[PDB]
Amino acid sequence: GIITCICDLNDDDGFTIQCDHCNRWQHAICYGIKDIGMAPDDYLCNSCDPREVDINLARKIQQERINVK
């Protein structure tokens, strides 16, 4: 149950997805996965498989969640 995500704000945001390889968890929204339906059969985090992904946007979304708690 470790969250390791591209936002570097690794607390539970309520919707996480588990990397198939390293078994660490990411925030689905940081990876553009808005709901369960957007999650593919196979899934690897950005550490296990570098991808094009908007890291600044991920940080912005998560930092905003934290800032308005």
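We number the residues from 1 along the sequence you see.
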| property | result |
| --- | --- |
| Given 23-31 and 38-46, the range whose Cα B-factors average higher in the PDB entry | 38-46 |
| Lowest, middle or highest third - CA B-factor, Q18 | middle |
| Third of the chain's Cα B-factor distribution that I2 belongs to, per the entry | middle |
| Assigned third (lowest, middle, highest) for the C-alpha B factor of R59 | middle |
